[PDB]
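Undergrad: Quick one, my_file.cif (mmCIF, C-alpha atoms and all ligand atoms):
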```
data_final
loop_
_atom_site.label_atom_id
_atom_site.label_comp_id
_atom_site.auth_asym_id
_atom_site.auth_seq_id
_atom_site.Cartn_x
_atom_site.Cartn_y
_atom_site.Cartn_z
CA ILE A 1 119.07 79.82 111.08
CA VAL A 2 121.56 76.99 111.32
CA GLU A 3 124.94 77.21 109.65
CA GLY A 4 124.15 80.59 108.05
CA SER A 5 126.04 83.95 108.17
CA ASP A 6 125.34 87.42 109.46
CA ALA A 7 123.30 89.40 106.91
CA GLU A 8 124.76 92.67 105.52
CA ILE A 9 122.95 95.90 106.38
CA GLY A 10 120.15 96.58 103.91
CA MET A 11 120.42 92.94 102.57
CA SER A 12 116.79 91.89 103.31
CA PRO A 13 114.75 95.07 103.51
CA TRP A 14 111.44 93.23 103.49
CA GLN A 15 112.42 91.15 106.66
CA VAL A 16 109.95 91.76 109.49
CA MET A 17 110.16 90.74 113.16
CA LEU A 18 106.94 89.51 114.79
CA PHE A 19 107.18 90.74 118.39
CA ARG A 20 105.04 89.87 121.41
CA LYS A 21 104.12 92.83 123.64
CA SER A 22 104.24 90.95 127.00
CA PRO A 23 106.38 88.93 127.71
CA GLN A 24 108.29 91.06 125.13
CA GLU A 25 109.60 88.24 122.89
CA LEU A 26 110.43 87.31 119.28
CA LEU A 27 107.47 85.30 117.92
CA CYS A 28 108.42 84.76 114.27
CA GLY A 29 109.80 86.32 111.05
CA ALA A 30 107.56 87.85 108.35
CA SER A 31 107.89 89.97 105.20
CA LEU A 32 106.76 93.38 103.87
CA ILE A 33 104.76 93.08 100.61
CA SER A 34 103.48 96.69 100.35
CA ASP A 35 103.41 99.76 102.62
CA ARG A 36 100.50 98.34 104.61
CA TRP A 37 100.67 94.50 104.32
CA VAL A 38 102.84 91.85 105.95
CA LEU A 39 102.97 88.13 104.99
CA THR A 40 103.82 85.38 107.58
CA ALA A 41 102.97 81.76 108.59
CA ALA A 42 99.48 81.08 110.02
CA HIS A 43 100.96 78.89 112.77
CA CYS A 44 102.78 81.96 114.22
CA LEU A 45 99.39 83.24 115.24
CA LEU A 46 97.09 80.14 115.63
CA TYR A 47 98.31 76.73 116.78
CA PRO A 48 95.63 75.25 119.16
CA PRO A 49 97.54 72.15 120.07
CA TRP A 50 99.92 74.54 121.90
CA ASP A 51 97.16 76.87 123.07
CA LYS A 52 98.48 79.52 120.65
CA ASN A 53 96.06 82.12 119.35
CA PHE A 54 97.34 85.69 119.08
CA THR A 55 95.17 88.66 118.19
CA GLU A 56 96.03 92.10 116.78
CA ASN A 57 96.62 93.60 120.23
CA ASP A 58 99.06 90.93 121.34
CA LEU A 59 101.65 91.98 118.88
CA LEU A 60 103.83 94.46 117.18
CA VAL A 61 105.62 94.28 113.84
CA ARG A 62 109.23 95.57 113.72
CA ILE A 63 110.57 96.71 110.35
CA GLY A 64 114.07 97.55 109.15
CA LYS A 65 115.91 95.70 111.88
CA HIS A 66 119.35 94.11 111.88
CA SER A 67 120.00 93.66 115.58
CA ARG A 68 117.88 90.98 117.25
CA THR A 69 117.45 92.62 120.68
CA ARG A 70 118.38 96.31 120.38
CA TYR A 71 115.77 99.05 119.78
CA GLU A 72 117.29 100.44 116.49
CA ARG A 73 116.72 104.01 117.43
CA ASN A 74 116.27 105.80 114.14
CA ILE A 75 116.44 102.78 111.74
CA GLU A 76 113.54 100.48 112.66
CA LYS A 77 109.83 101.31 112.56
CA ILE A 78 107.30 99.61 114.89
CA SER A 79 103.68 99.18 113.74
CA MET A 80 100.49 98.10 115.43
CA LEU A 81 98.19 95.72 113.55
CA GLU A 82 94.82 96.64 112.18
CA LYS A 83 93.78 93.10 111.21
CA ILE A 84 94.95 89.53 110.91
CA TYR A 85 93.69 87.21 108.12
CA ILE A 86 94.36 83.47 108.36
CA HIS A 87 93.79 81.26 105.27
CA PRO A 88 90.33 79.72 105.70
CA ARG A 89 91.69 76.25 104.96
CA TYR A 90 94.76 76.40 107.13
CA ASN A 91 95.17 72.76 108.42
CA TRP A 92 96.59 73.04 111.92
CA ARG A 93 94.95 69.74 112.82
CA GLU A 94 97.34 67.71 110.66
CA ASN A 95 100.16 68.98 108.43
CA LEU A 96 100.22 72.80 108.47
CA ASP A 97 98.78 72.75 104.96
CA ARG A 98 98.28 76.30 103.69
CA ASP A 99 100.46 77.83 106.50
CA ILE A 100 99.90 81.51 105.52
CA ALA A 101 98.43 84.72 106.97
CA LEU A 102 98.18 88.40 106.08
CA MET A 103 98.49 91.20 108.57
CA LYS A 104 97.36 94.72 107.73
CA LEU A 105 99.15 97.60 109.44
CA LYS A 106 97.27 100.38 111.19
CA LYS A 107 99.33 102.87 109.09
CA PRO A 108 101.53 102.58 106.05
CA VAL A 109 105.25 102.31 106.69
CA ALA A 110 107.64 104.63 104.88
CA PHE A 111 110.39 103.02 102.78
CA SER A 112 114.04 103.80 103.39
CA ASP A 113 117.41 102.24 102.68
CA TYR A 114 116.37 99.58 105.27
CA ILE A 115 112.67 99.10 104.58
CA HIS A 116 111.43 98.00 101.10
CA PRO A 117 108.82 95.45 99.90
CA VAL A 118 109.71 92.15 98.21
CA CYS A 119 107.77 91.17 94.99
CA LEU A 120 105.09 88.36 94.87
CA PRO A 121 105.75 85.85 92.07
CA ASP A 122 103.72 85.71 88.82
CA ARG A 123 102.90 82.32 87.25
CA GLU A 124 105.86 82.69 84.93
CA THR A 125 108.39 83.67 87.61
CA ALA A 126 107.22 80.65 89.62
CA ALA A 127 107.51 78.35 86.60
CA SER A 128 111.10 79.22 85.75
CA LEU A 129 112.50 79.48 89.24
CA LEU A 130 110.85 76.83 91.39
CA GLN A 131 113.13 74.04 90.17
CA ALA A 132 115.02 71.41 92.10
CA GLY A 133 118.63 72.48 92.45
CA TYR A 134 117.92 76.26 92.13
CA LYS A 135 118.78 78.08 95.36
CA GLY A 136 116.68 80.49 97.42
CA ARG A 137 117.68 82.47 100.50
CA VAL A 138 116.19 82.24 103.94
CA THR A 139 116.55 84.81 106.70
CA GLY A 140 115.67 85.07 110.37
CA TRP A 141 116.69 85.67 114.01
CA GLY A 142 115.82 82.11 115.03
CA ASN A 143 117.86 79.50 116.76
CA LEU A 144 121.39 78.75 115.63
CA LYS A 145 121.17 75.13 116.80
CA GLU A 146 118.36 72.60 117.18
CA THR A 147 119.14 72.38 120.88
CA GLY A 155 122.04 79.74 120.75
CA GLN A 156 120.49 82.97 119.43
CA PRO A 157 122.20 85.28 116.97
CA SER A 158 122.79 88.92 117.80
CA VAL A 159 122.18 89.95 114.18
CA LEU A 160 120.00 88.84 111.25
CA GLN A 161 121.25 85.50 109.77
CA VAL A 162 121.04 84.35 106.15
CA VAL A 163 121.44 80.97 104.43
CA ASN A 164 121.11 80.01 100.68
CA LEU A 165 119.53 76.51 100.15
CA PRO A 166 118.68 74.46 97.04
CA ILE A 167 115.06 73.47 96.30
CA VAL A 168 114.75 69.62 96.55
CA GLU A 169 112.74 67.30 94.21
CA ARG A 170 109.24 66.50 95.61
CA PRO A 171 109.74 62.69 95.88
CA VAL A 172 112.86 63.24 98.02
CA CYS A 173 110.80 65.63 100.15
CA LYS A 174 108.05 63.01 100.42
CA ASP A 175 110.39 60.13 101.39
CA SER A 176 112.12 62.05 104.22
CA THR A 177 109.08 62.28 106.45
CA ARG A 178 105.98 60.60 107.76
CA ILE A 179 104.03 63.86 107.52
CA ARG A 180 101.67 63.96 104.47
CA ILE A 181 103.12 66.67 102.06
CA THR A 182 100.68 68.64 99.79
CA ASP A 183 100.93 70.80 96.66
CA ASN A 184 100.96 73.92 98.93
CA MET A 185 104.49 73.02 100.17
CA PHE A 186 108.02 72.65 98.91
CA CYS A 187 111.10 71.48 100.81
CA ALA A 188 114.66 72.79 100.65
CA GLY A 189 118.09 71.95 101.93
CA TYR A 190 121.22 70.06 101.14
CA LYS A 191 121.19 66.26 100.86
CA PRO A 192 123.40 64.32 103.29
CA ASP A 193 125.86 63.78 100.44
CA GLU A 194 126.12 67.37 99.05
CA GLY A 195 128.34 68.01 102.05
CA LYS A 196 127.15 71.61 102.47
CA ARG A 197 124.43 72.16 105.14
CA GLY A 198 122.14 74.82 106.79
CA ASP A 199 118.44 75.25 107.66
CA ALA A 200 115.81 77.49 109.31
CA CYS A 201 115.02 76.49 112.92
CA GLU A 202 112.65 77.60 115.73
CA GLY A 203 112.22 81.41 115.60
CA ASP A 204 112.55 81.66 111.75
CA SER A 205 108.96 80.64 111.06
CA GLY A 206 107.01 83.08 108.89
CA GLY A 207 110.19 84.57 107.39
CA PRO A 208 110.71 84.60 103.63
CA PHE A 209 112.35 82.09 101.21
CA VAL A 210 113.40 84.44 98.29
CA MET A 211 114.94 84.08 94.89
CA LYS A 212 116.52 86.74 92.61
CA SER A 213 115.10 86.72 89.10
CA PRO A 214 117.82 86.50 86.48
CA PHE A 215 115.25 88.16 84.10
CA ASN A 216 114.49 91.48 85.73
CA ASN A 217 116.94 91.20 88.67
CA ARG A 218 114.21 91.66 91.19
CA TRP A 219 113.82 89.62 94.44
CA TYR A 220 110.77 87.39 94.61
CA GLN A 221 109.29 85.68 97.73
CA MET A 222 108.60 82.02 96.75
CA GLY A 223 108.10 80.50 100.21
CA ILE A 224 107.28 81.11 103.90
CA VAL A 225 109.30 79.27 106.58
CA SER A 226 106.80 76.72 107.80
CA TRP A 227 107.93 73.47 109.45
CA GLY A 228 110.55 70.78 109.85
CA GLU A 229 111.66 68.03 112.29
CA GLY A 230 114.59 69.20 114.31
CA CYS A 231 116.89 71.58 112.42
CA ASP A 232 119.72 70.77 109.95
CA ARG A 233 119.23 67.04 110.58
CA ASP A 234 120.93 64.84 107.99
CA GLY A 235 118.38 63.50 105.49
CA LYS A 236 115.76 65.93 106.80
CA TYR A 237 114.55 69.08 104.96
CA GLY A 238 112.88 72.37 105.80
CA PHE A 239 109.38 72.84 104.44
CA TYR A 240 107.89 76.06 103.24
CA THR A 241 104.43 77.40 102.23
CA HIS A 242 104.18 77.68 98.41
CA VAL A 243 103.42 81.39 97.97
CA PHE A 244 102.49 81.26 94.25
CA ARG A 245 99.89 78.52 94.82
CA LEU A 246 98.19 80.69 97.44
CA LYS A 247 98.56 84.00 95.50
CA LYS A 248 94.90 84.17 94.52
CA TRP A 249 93.85 84.07 98.18
CA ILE A 250 96.46 86.85 98.75
CA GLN A 251 95.04 89.07 95.99
CA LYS A 252 91.52 88.36 97.21
CA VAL A 253 92.08 89.67 100.74
CA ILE A 254 94.03 92.76 99.72
CA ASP A 255 91.59 93.71 97.02
CA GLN A 256 88.56 92.83 99.19
CA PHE A 257 90.00 94.43 102.33
CA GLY A 258 92.58 97.13 102.07
CA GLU A 259 95.35 99.04 100.42
CA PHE B 5 115.76 92.28 124.73
CA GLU B 6 116.22 96.09 124.93
CA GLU B 7 112.99 97.93 125.72
CA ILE B 8 110.87 99.56 123.05
CA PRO B 9 109.65 103.20 123.44
CA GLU B 10 106.34 103.33 125.34
CA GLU B 11 104.47 105.06 122.52
CA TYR B 12 104.43 101.67 120.81
CA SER C 4 105.41 91.72 90.83
CA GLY C 5 104.07 92.13 94.50
CA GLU C 6 104.63 95.93 94.73
CA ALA C 7 106.07 98.26 91.91
CA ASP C 8 109.53 99.31 93.08
CA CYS C 9 109.29 95.82 94.66
CA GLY C 10 112.40 93.64 95.04
CA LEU C 11 115.09 96.27 94.09
CA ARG C 12 117.06 97.00 97.25
CA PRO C 13 118.04 100.60 98.01
CA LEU C 14 121.58 99.61 99.03
CA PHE C 15 122.23 96.91 96.40
CA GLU C 16 120.28 96.83 93.07
CA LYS C 17 119.48 100.56 93.06
CA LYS C 18 123.20 101.46 93.33
CA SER C 19 124.19 98.46 91.28
CA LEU C 20 126.08 96.82 94.23
CA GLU C 21 125.91 93.07 94.82
CA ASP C 22 125.68 91.30 98.19
CA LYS C 23 128.36 88.75 99.10
CA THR C 24 126.52 85.56 98.20
CA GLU C 25 123.91 86.50 95.66
CA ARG C 26 126.13 85.08 92.89
CA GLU C 27 125.69 81.63 94.46
CA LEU C 28 121.99 81.93 93.78
CA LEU C 29 122.39 83.20 90.22
CA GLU C 30 124.93 80.47 89.38
CA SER C 31 122.42 77.79 90.38
CA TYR C 32 119.74 78.88 87.89
CA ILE C 33 121.92 76.83 85.18
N1 LIG D 301 113.37 74.15 108.79
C1 LIG D 301 113.23 73.42 109.93
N2 LIG D 301 114.01 72.34 110.12
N3 LIG D 301 112.43 73.87 110.86
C2 LIG D 301 111.69 75.10 110.83
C3 LIG D 301 110.80 75.15 112.00
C4 LIG D 301 110.20 76.52 112.19
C5 LIG D 301 109.14 76.57 113.26
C6 LIG D 301 108.85 78.00 113.66
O1 LIG D 301 109.78 78.84 113.70
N4 LIG D 301 107.89 75.91 112.82
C7 LIG D 301 107.22 75.09 113.60
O2 LIG D 301 107.59 74.70 114.71
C8 LIG D 301 105.95 74.50 112.98
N5 LIG D 301 105.64 73.24 113.68
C9 LIG D 301 104.48 73.25 114.57
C10 LIG D 301 104.47 72.08 115.56
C11 LIG D 301 105.57 71.08 115.45
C12 LIG D 301 106.11 70.87 114.09
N6 LIG D 301 107.24 70.02 113.97
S1 LIG D 301 107.08 68.37 114.08
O3 LIG D 301 108.39 67.87 114.13
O4 LIG D 301 106.10 68.24 115.11
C13 LIG D 301 106.38 67.72 112.58
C14 LIG D 301 105.05 68.29 112.24
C15 LIG D 301 103.89 67.98 112.91
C16 LIG D 301 102.66 68.56 112.55
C17 LIG D 301 102.60 69.46 111.50
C18 LIG D 301 103.77 69.76 110.84
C19 LIG D 301 105.00 69.20 111.18
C20 LIG D 301 106.43 72.24 113.38
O5 LIG D 301 107.42 72.25 112.68
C1 LIG D 302 91.01 82.21 118.67
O1 LIG D 302 90.69 83.46 119.26
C2 LIG D 302 89.49 84.09 118.79
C3 LIG D 302 89.12 85.11 119.86
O2 LIG D 302 90.27 85.52 120.58
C4 LIG D 302 88.38 83.10 118.43
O3 LIG D 302 88.16 83.14 116.99
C5 LIG D 302 88.62 81.66 118.80
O4 LIG D 302 87.58 80.97 119.53
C6 LIG D 302 89.95 81.52 119.55
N1 LIG D 302 90.27 80.10 119.70
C7 LIG D 302 90.43 79.41 118.52
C8 LIG D 302 90.55 77.92 118.69
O5 LIG D 302 90.59 79.98 117.44
#
```
How does this structure look as structure tokens?
Ligand SMILES: NC(=[NH2+])NCCC[C@@H](C=O)NC(=O)CN1CCC[C@H](NS(=O)(=O)Cc2ccccc2)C1=O
Ligand SMILES: *[C@@H]1O[C@H](CO)[C@@H](O)[C@H](O)[C@H]1NC(C)=O

TA:
Amino acid sequence: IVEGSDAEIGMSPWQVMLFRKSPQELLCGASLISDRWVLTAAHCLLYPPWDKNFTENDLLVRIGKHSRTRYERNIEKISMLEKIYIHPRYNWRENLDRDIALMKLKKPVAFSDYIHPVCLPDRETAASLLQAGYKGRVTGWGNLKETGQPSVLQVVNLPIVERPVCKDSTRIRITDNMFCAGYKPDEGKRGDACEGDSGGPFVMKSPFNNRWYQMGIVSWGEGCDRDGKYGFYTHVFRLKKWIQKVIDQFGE
Amino acid sequence: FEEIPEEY
Amino acid sequence: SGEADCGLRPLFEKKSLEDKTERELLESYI
């Protein structure tokens, strides 16, 4: 996160750290959706152009963390993965279209003041909140600058940007499975996700039932917090049916 | 990066 | 929605405490 703040303890209970076993390193962010399922970006696991292709035994998920590097002795829980599911039509060859993946834990995690699932949006929550100008919140342990690392979880609140503006800021072909967010060069407020934040959640707080809803997954961008550039996120609601399908068809 | 318990 | 007790934080919503910048979000939804 660039130009964000330190998160408060218990502020983002569904925040998950994707951790590589050896070298032991932070891979990406992710989110807890139930006691056995984690949602993240497909490119955190499979990105052939960079020879990236992790399997269940390559990683660990770390839940209820605040500190980036410390082993949070009786706060965090570490789980092993049972299975990884990448969207069948994930487009790593061109634009990261459908950048989403489900990971099923070997054993259910127990909830606590620091571990709690986020909600998945319904068509109606999506329809009233995914509006240009409305702000969401992004969290992660990623880079503080394009080109260092935070010691604690960082948070930033960013406005959703109109699709045409998103389209006109890049040469990459943008699809219905993506939305962009950030401040415009003129708003004179700034902030963004950056390397290390991928797979973390873009959330919004429903003014209706006061629950937190995950609307996006940190996906991609060009540089970080660049003027006239915007962060792009996987559109969770548009891929919800694939989400329901795998859970129903495979677990819980 | 502080080490994680070996059980993991 | 995606859970049951989903999206209500033990240390904030459940005790009726607000985080430091959540109002910024809420004030943007009109
Ligand atoms: N919000 C931002 N400004 N950036 C967030 C970047 C998060 C970061 C992981 O933590 N995600 C990635 O690096 C995904 N990714 C994969 C390869 C390089 C690419 N950036 S890029 O400038 O090459 C443009 C690009 C090329 C192909 C497909 C999508 C976008 C890209 O963004
Ligand atoms: C990804 O890894 C698995 C086996 O580890 C396999 O599906 C595949 O051939 C690997 N390489 C690619 C490009 O997915």

Undergrad: Quick one: residues within 6 Å of (117.7, 84.3, 98.8) (file frame), counting only C-alpha atoms, please, as a list in words.

TA: residues 136, 137, 138, 164, 210 and 211 of chain A

Undergrad: Between A:125, A:74, A:57, A:205, which residue has the minimum interatomic distance to ligand LIG 302 (chain D), considering all atoms listed in the file?

TA: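 Ranking A:125, A:74, A:57, A:205 by distance to ligand LIG 302 (chain D), first place goes to A:57.
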
Undergrad: Report the distance between CA of residue 70 (chain A) and CA of residue 38 (chain A) in Å, rounded to one decimal place.

TA: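 Rounded to one decimal, the two atoms are 21.7 Å apart.
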
Undergrad: Output as AutoDock Vina command-line options the centre and edge lengths (Å, one decimal) of the box along x, y and z of the file that holds every listed atom of ligand LIG 302 (chain D) after adding 4 Å on each side.

TA:
```
--center_x 89.3 --center_y 81.7 --center_z 118.8 --size_x 11.4 --size_y 15.6 --size_z 11.6
```

Undergrad: Taking only residues of region 96-217 of chain A that have an atom at most 12 Å from an atom of region 22-29 of chain C, what is each one's shortest atom pair and its distance in Å to one decimal, using all atoms listed in the file, in chain and number order, as a tab-separated table?

TA:
```
residue	atom	partner	partner_atom	distance
A:129	CA	C:29	CA	10.6
A:133	CA	C:28	CA	10.1
A:134	CA	C:28	CA	7.2
A:135	CA	C:28	CA	5.3
A:136	CA	C:28	CA	6.6
A:137	CA	C:28	CA	8.0
A:138	CA	C:28	CA	11.7
A:162	CA	C:24	CA	9.7
A:163	CA	C:24	CA	9.3
A:164	CA	C:28	CA	7.2
A:165	CA	C:28	CA	8.7
A:166	CA	C:28	CA	8.8
A:167	CA	C:28	CA	11.2
A:210	CA	C:28	CA	10.0
A:211	CA	C:28	CA	7.5
A:212	CA	C:29	CA	7.3
A:213	CA	C:29	CA	8.2
A:214	CA	C:29	CA	6.8
A:215	CA	C:29	CA	10.6
A:217	CA	C:29	CA	9.8
```

Undergrad: Just the selected residues (C-alpha atoms), exported as a PDB file, in the frame of the given file, please.

TA:
```
ATOM      1  CA  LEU A 129     112.500  79.480  89.240  1.00  0.00           C
ATOM      2  CA  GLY A 133     118.630  72.480  92.450  1.00  0.00           C
ATOM      3  CA  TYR A 134     117.920  76.260  92.130  1.00  0.00           C
ATOM      4  CA  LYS A 135     118.780  78.080  95.360  1.00  0.00           C
ATOM      5  CA  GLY A 136     116.680  80.490  97.420  1.00  0.00           C
ATOM      6  CA  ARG A 137     117.680  82.470 100.500  1.00  0.00           C
ATOM      7  CA  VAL A 138     116.190  82.240 103.940  1.00  0.00           C
ATOM      8  CA  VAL A 162     121.040  84.350 106.150  1.00  0.00           C
ATOM      9  CA  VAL A 163     121.440  80.970 104.430  1.00  0.00           C
ATOM     10  CA  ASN A 164     121.110  80.010 100.680  1.00  0.00           C
ATOM     11  CA  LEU A 165     119.530  76.510 100.150  1.00  0.00           C
ATOM     12  CA  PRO A 166     118.680  74.460  97.040  1.00  0.00           C
ATOM     13  CA  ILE A 167     115.060  73.470  96.300  1.00  0.00           C
ATOM     14  CA  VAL A 210     113.400  84.440  98.290  1.00  0.00           C
ATOM     15  CA  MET A 211     114.940  84.080  94.890  1.00  0.00           C
ATOM     16  CA  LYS A 212     116.520  86.740  92.610  1.00  0.00           C
ATOM     17  CA  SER A 213     115.100  86.720  89.100  1.00  0.00           C
ATOM     18  CA  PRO A 214     117.820  86.500  86.480  1.00  0.00           C
ATOM     19  CA  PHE A 215     115.250  88.160  84.100  1.00  0.00           C
ATOM     20  CA  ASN A 217     116.940  91.200  88.670  1.00  0.00           C
TER      21      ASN A 217
END
```

Undergrad: Near chain C, which residues of chain A fall within 7 Å when you count only C-alpha atoms, and what do they look like as a compact mmCIF listing (two decimals) with C-alpha atoms, keeping the file's coordinate frame?

TA:
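Final output, selection-v9.txt:
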```
# COMPACT_ATOMS: atom_id res chain seq x y z
CA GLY A 10 120.15 96.58 103.91
CA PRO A 13 114.75 95.07 103.51
CA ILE A 33 104.76 93.08 100.61
CA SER A 34 103.48 96.69 100.35
CA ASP A 113 117.41 102.24 102.68
CA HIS A 116 111.43 98.00 101.10
CA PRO A 117 108.82 95.45 99.90
CA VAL A 118 109.71 92.15 98.21
CA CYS A 119 107.77 91.17 94.99
CA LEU A 120 105.09 88.36 94.87
CA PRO A 121 105.75 85.85 92.07
CA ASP A 122 103.72 85.71 88.82
CA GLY A 133 118.63 72.48 92.45
CA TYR A 134 117.92 76.26 92.13
CA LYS A 135 118.78 78.08 95.36
CA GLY A 136 116.68 80.49 97.42
CA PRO A 214 117.82 86.50 86.48
CA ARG A 218 114.21 91.66 91.19
CA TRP A 219 113.82 89.62 94.44
CA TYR A 220 110.77 87.39 94.61
```

Undergrad: Between A:2, A:250, A:32, A:103, which is the closest to ligand LIG 301 (chain D) once you count all atoms listed in the file?

TA: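 Closest residue, counting all atoms listed in the file: A:2.
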
Undergrad: Taking all atoms listed in the file into account, report as a list in words which residues have an atom no farther than 6 Å from an atom of ligand LIG 301 (chain D).

TA: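 Residues lying within 6 Å of ligand LIG 301 (chain D): residues 94, 95, 96, 199, 200, 201, 202, 203, 204, 205, 226, 227, 228, 229, 230, 231, 232 and 238 of chain A.
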
Undergrad: Restricting the calculation to only C-alpha atoms and all ligand atoms, which member of A:35, A:8, A:259, A:51 is positioned closest to ligand LIG 302 (chain D)?

TA: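 When distances to ligand LIG 302 (chain D) are compared using only C-alpha atoms and all ligand atoms, the smallest one comes from A:51.
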
Undergrad: Please, what distance in Å, to one decimal, runs between CA of residue 192 (chain A) and CA of residue 144 (chain A)?

TA: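 Atom-to-atom, CA of residue 192 (chain A) to CA of residue 144 (chain A), that is 19.1 Å.
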
Undergrad: So that I can check the surroundings of residue 10 (chain B), please list as a ChimeraX atom specification every protein, DNA and RNA residue that reaches within 12 Å of it, counting all atoms listed in the file and ignoring chain neighbours fewer than 2 positions away.

TA: /A:21,71,78 /B:7-8,12

Undergrad: Show me which residues line ligand LIG 302 (chain D), defined as having an atom within 9 Å of a ligand atom where only C-alpha atoms and all ligand atoms count, and present them as a PyMOL selection string.

TA: chain A and resi 46-48+51-55

Undergrad: Find the spatial neighbours of residue 6 (chain B), counting only C-alpha atoms, within a cut-off of 12 Å - ignore same-chain residues fewer than 6 positions away - and output them as number ranges by chain.

TA: A: 24-26, 67-73

Undergrad: Just give me the gap between CA of residue 182 (chain A) and CA of residue 234 (chain A) in Å, one decimal is fine.

TA: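 One can read the CA of residue 182 (chain A) to CA of residue 234 (chain A) distance as 22.2 Å.
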
Undergrad: Give the answer as one residue: which of A:115, A:7, A:81, A:254 has the shortest atom-to-atom distance to chain B, using all atoms listed in the file?

TA: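 Looking at the shortest contact to chain B, the residue is A:81.
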
Undergrad: With all atoms listed in the file as the atoms that count, which of A:41, A:9, A:59, A:1 lies nearest to chain B?

TA: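 Going through A:41, A:9, A:59, A:1 one by one, the smallest distance to chain B is for A:59.
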
Undergrad: Select, from A:11, A:126, A:158, A:257, the residue with the minimum atom-to-atom distance to residue 5 (chain B), counting all atoms listed in the file.

TA: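 Answer, going by the shortest atom-to-atom distance: A:158.
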